[PDB]
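For reference, the structure discussed in these notes is given below.
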Ligand SMILES: [Zn+2]
Ligand SMILES: [Zn+2]
């Protein structure tokens, strides 16, 4: 899912029903523009907050000298020994102590979770 | 950091901070920021060496002083919110060595841990053998001692 | 544990994994992959596809862990939703064997024969998640269950020999107070069930009950430190607070609503105003 | 649903029989103690479109001193009661020439109907009781001590013994749940007997105002 | 390694803190008991505590054995810096 | 009195605050009058009961002859009278004291 | 109520010398950015991140009734210190307020509206990050936050 | 300030400044709180 913008005028699309076809469309009340809406969802809501933070932690965090780093856990793709580890920051979850690992060598921006 | 340590176009009073997770870099030249000096640690070794101590011991009639020590890149001023990005070692002889490896990315070292006390609390003999309320009471009563 | 689950407030949001609003213009040609099976099972001999049925689909997922922790049934959830809103939603719901567990909700039948179609469906979702009240009593946040080790909340009975025997039985301690409906509840002990709220005990049991409960609360808060205070002072304080027939708080309001002399009142907390009124 | 609605009605009836017994009426021991199965057999189990309609449940009980003093208990079928319904009850009340009656309301009563109850007060006295309030007997709670309504002769003897004017006594308001339970009016005095850990027993008197 | 099971009515953080506090309190109590047992009959700390004039068994324990855990608003010392207590410690360090 | 005490004090807490210490008082009397526990006593068991009954009339908290005053007096001194009778039991006097 | 329940949280601004709250989109349009893409491009850097989009959406819908810069300026001026007698007087007063008392450290010359837009967008973005729980709330007793 | 006028009268009753009765006997037993001591009933606990 995501927002999309009208071709005529760089303003936000929002959904409507074509009651002549009985088929969905996007439209833009700033102008006279109609578009086919291929994404069958208009609104989704991840109530439980299911997410693991791999999509939010960055590889640049490997350069932080105040983070801890162990030789215990190797990276998958390269197998460099050094990997900095740190905790979760997401609040809505069943758990609060799991460690997120980032491979320490600057060429290997790989991140994984044990 | 190189330019600040060389005092070239950045005054040693300027603080620079990189917050890696939020991708921000903050530079403050503002007045009113509190800061304290610290020794720079490169790798596992202090940048303070025996020639600096020899020159400072011969400080008289040598016009070599704390400003010349600062200009050599040995000591650095660090304020409160730059300490957040600093890995400090309590003492060099104890925490730089290959003990069991707690940390290896130390970037700074304290001059002496007793420098955390104020003027009135610095007259207390053995303050670490006392209760903190009693240290506070002595700090308050020392201003009323006659002399 | 059955009483614990029957006493605790549970909204539909706690057991719901995620929600998505889909657009399905026709009942049978569904955009989801798995729903096709039970869709055909319900619509081959169609339940109320008699008037028109709306292009807009609401689709809630239920976490199995939370669903089975509270001994809920999807039939129960459908019954509760349908009864709470009436016929203005049509509820379509899974086989209990569906590995990912779905409750397909559409807007009213006859409305398909103002709030926009999707905007009301969003407003419905935002109402259900906070207000559906699946189980238990509201204003009850959490309920704790434990075996007490202190004799003042262990059940002590007299045996056949005349001795005092202390029994260990499970007791519940709630966060949030609704005393009346809990005293009504099946297998809860009406004689001994009590709360720490004073006004709640008042409006339910009357003034002598507040006298005794306030005495107990004061005794607890004074003797928790281990100190001892004579009973007479506690009794006098409670008697003065509950003497006029209602809860007289020891504040400017409570003290000055006594019919005493204005010179006594001006010497406590409202000096000039008391004399002005007098 | 219906087994638990049956359960609610049985608890309400048991609490009402205890109420009437505590107010000094002729209530037989069997009526005081009725098992759920016995009540179920008597009134025909499930209420919804079933034999215990709310109107099937009304109670007539006689006072011990005089059988001409009687209380009806009513169980209105409506979730909320109105002036029309209360006027029907008052019409039936006049047709029997009873003087006192109760009403057990399922949810609540409109203020215009509350006003109507008190408007009637010199003729016929009606008392509202919510369904939840009758789901448990508060008199049997551990915090509530024993309450005894005093007669006028006893109140006079009390005031002569302690040489007290009526307003000098501790007070209890008429909205007190125990005062509703015992049907106590303004000006009456209740006698409270509670145990004490210093004396052993202590008697307190509350004036109803 | 996510092997810790959460106690009923408690969060994972709450049960982790409870277990650590239990361990440290047991340690402090055992050390105090050993220190009290090591006292001689001539010891003036014991002579003052036993008679109840002044001082206590926890004062003797703190003087001789272990000062113990330090608490702020009834909780263990918080993280005034980003994910650490002092710049001398590493981030995410829950050790004693 | 035992039934009344079991009604008054659920949980069986026997520690009660009362005016005069009967055990200390009996112990004072034993030492004052040089009483030998090894020898038979000359105290007639009727006089114990009669003295307790007559003493209970002389401990007045509510003064009056009305039935209301009598009931108030009984309620005020119930616990202390129960304790007094328990301690001055005739068997207990003959065996222990 | 049904209208309120459908939409939830709205971002509003308390500008200096302005009576009450003002929606963010109205302020951004008053700064000269009519188009919703430009407004969201200044607010949200990540067009691929749906949680931010869902958070921002009600604010856009609240301020849809105002669609051009002069109308937004009149809307702001109507809530000024005093309602101006003439519409252009209110417009001029609002423009002066938005040039001088709004974010003076970012700039004061009429060129700097673009930089003001970026800074206000950063403020809103930080607020959204705090609302998503992606950043920690600032500590007021943090001694680096003090001068 | 709330309790300052509560007082034991010559009736042994406890009354406030308005002569309203707070307690019919002080402490519900009429005894001062300084002469009392802790004691054991010795009839409460025993087996039958
Ligand atoms: Zn457009
Ligand atoms: Zn790697």
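Residue numbers (PDB author numbering), protein chains in the order written: chain A, 12 to 125; chain B, 588 to 734; chain C, 1155 to 1267, 1278 to 1442; chain D, 2 to 210; chain E, 722 to 817; chain F, 962 to 1058; chain G, 246 to 392; chain H, 866 to 913.
Yeah, the Cβ is synthetic: ideal placement off N, Cα and C, and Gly gets one too.
Could you spell out where the alpha helix (DSSP H) holding residue i opens and where it closes?
| i | result |
| --- | --- |
| residue 1196 of chain C | 1190 to 1197 |
| residue 1284 of chain C | 1281 to 1295 |
| residue 403 of chain G | A query on residue 403 of chain G cannot be resolved here, the shown segment of chain G reaching from 246 to 392 and no further. |
| residue 967 of chain F | 963 to 969 |
| residue 16 of chain A | Element bounds for residue 16 of chain A: n/a, residue is neither H nor E. |
| residue 91 of chain D | 84 to 97 |
| residue 1420 of chain C | 1416 to 1420 |
| residue 653 of chain B | 653 to 658 |
| residue 1159 of chain C | 1156 to 1161 |
| residue 262 of chain G | Per DSSP, residue 262 of chain G belongs to no alpha helix (DSSP H) and is neither H nor E. |
| residue 3 of chain D | 3 to 23 |
| residue 988 of chain F | 983 to 993 |
| residue 178 of chain D | 178 to 182 |
Mind pulling the chain G residues with CB within less than 8 Å of residue i?
| i | result |
| --- | --- |
| residue 16 of chain A | 281, 282 |
So which residues on chain E does residue i lean against when the C-beta distance must stay under 9 Å?
| i | result |
| --- | --- |
| residue 98 of chain A | 804, 812, 813 |
| residue 622 of chain B | Neighbours of residue 622 of chain B on chain E: none; closest Cβ ~13 Å, over 9 Å. |
Taking the alpha-carbon of residue i as reference, which of the options has the nearest alpha-carbon?
| i | options | result |
| --- | --- | --- |
| residue 68 of chain A | A:19, A:96, A:38, A:28 | A:96 |
| residue 308 of chain G | G:280, G:364, G:392, G:347 | G:280 |
| residue 815 of chain E | E:727, E:739, E:756 | E:739 |
| residue 65 of chain A | A:44, A:112, A:82 | A:112 |
| residue 902 of chain H | F:980, F:986, F:1006 | F:980 |
| residue 314 of chain G | G:369, G:252, G:333, G:303 | G:333 |
| residue 1373 of chain C | C:1352, C:1390, C:1405, C:1391 | C:1405 |
| residue 130 of chain D | D:145, D:113, D:105 | D:105 |
Name the chain G residues whose beta carbon is nearer than 9 Å to that of residue i?
| i | result |
| --- | --- |
| residue 90 of chain A | None at all; the shortest Cβ gap to chain G is about 31 Å. |
Can you pull the chain E residues whose beta carbon is under 8 Å from the beta carbon of residue i, in chain order?
| i | result |
| --- | --- |
| residue 1308 of chain C | 730 |
Residues of chain G with CB under 7 Å from residue i, in chain order?
| i | result |
| --- | --- |
| residue 120 of chain A | In chain order: nothing, as chain G lies at least about 18 Å away. |
| residue 1279 of chain C | 247 |
Give the interface partners of residue i over in chain D, defined as CB-CB distance under 7 Å, in chain order.
| i | result |
| --- | --- |
| residue 1369 of chain C | 139, 142, 144, 145, 178 |
| residue 1039 of chain F | 200, 201, 202 |
| residue 1410 of chain C | 174 |
Could you list which residues in chain H have their beta carbon closer than 7 Å to that of residue i, in chain order?
| i | result |
| --- | --- |
| residue 199 of chain D | 892, 893, 894 |
Starting from residue i, find everything on chain D with Cβ-Cβ shorter than 9 Å and list it in chain order.
| i | result |
| --- | --- |
| residue 990 of chain F | What residue 990 of chain F touches in chain D: nothing, since even the nearest Cβ is about 26 Å away. |
Taking the continuous beta strand (DSSP E) assigned at residue i, which residues delimit it?
| i | result |
| --- | --- |
| residue 1344 of chain C | It is not in any beta strand (DSSP E) - residue 1344 of chain C instead sits in the alpha helix (DSSP H) that spans 1343 to 1348. |
| residue 1170 of chain C | 1170 to 1177 |
| residue 129 of chain D | 126 to 131 |
Please list the partners that residue i has in chain C, where partner means a Cβ-to-Cβ separation under 9 Å.
| i | result |
| --- | --- |
| residue 10 of chain D | In chain order: nothing, as chain C lies at least about 13 Å away. |
At a CB-CB cut-off below 8 Å, which residues of chain C make contact with residue i?
| i | result |
| --- | --- |
| residue 967 of chain F | 1322 |
| residue 55 of chain A | 1172, 1173, 1174, 1175 |
| residue 971 of chain F | 1320 |
Please compile the residues from chain F whose C-beta is within a distance smaller than 9 Å of the C-beta of residue i.
| i | result |
| --- | --- |
| residue 905 of chain H | 975, 976, 977, 984, 1044 |
For residue i, return the contacting residues in chain H, with the cut-off set at a CB-CB distance below 9 Å.
| i | result |
| --- | --- |
| residue 169 of chain D | 880, 883, 884, 885, 886 |
List, in order along the chain, the chain F residues whose C-beta lies closer than 7 Å to that of residue i?
| i | result |
| --- | --- |
| residue 900 of chain H | 980 |
Residue i touches chain C at which residues, Cβ-Cβ below 7 Å?
| i | result |
| --- | --- |
| residue 250 of chain G | 1287, 1290, 1291 |
Determine the chain H residues that contact residue i at a beta-carbon separation under 8 Å, and present them in chain order.
| i | result |
| --- | --- |
| residue 165 of chain D | 886 |
So which residues of chain D does residue i contact, with C-beta pairs closer than 8 Å?
| i | result |
| --- | --- |
| residue 1033 of chain F | 204 |
Of all the residues that make up the stretch 1363 to 1394 of chain C, which are near chain H by a beta-carbon distance shorter than 9 Å? 1394
Flag this pair as touching only if the stretch 165 to 177 of chain D and the stretch 1380 to 1395 of chain C have three or more C-beta atom pairs under 8 Å; answer yes or no. no
Given a limit of 8 Å on CB to CB distance, which residues of the stretch 1304 to 1333 of chain C reach chain H? 1325, 1326, 1327, 1328
Does the pairing of the stretch 641 to 658 of chain B with the stretch 896 to 910 of chain H give three or more beta-carbon distances under 8 Å? no
Stretch-stretch touch, CB-based, cutoff 8 Å, three pairs: the stretch 317 to 336 of chain G with the stretch 283 to 298 of chain G: no
Using 8 Å as the Cβ pair cut-off and three pairs as the minimum, do the stretch 265 to 274 of chain G and the stretch 1023 to 1039 of chain F touch? no
Mind the definition here: the stretch 201 to 210 of chain D touches the stretch 1291 to 1307 of chain C only if three or more C-beta pairs lie below 8 Å; say whether that holds. no
Between the stretch 785 to 804 of chain E and chain B, which residues of the former have CB atoms less than 8 Å from a CB of the latter, in chain order? 802, 803
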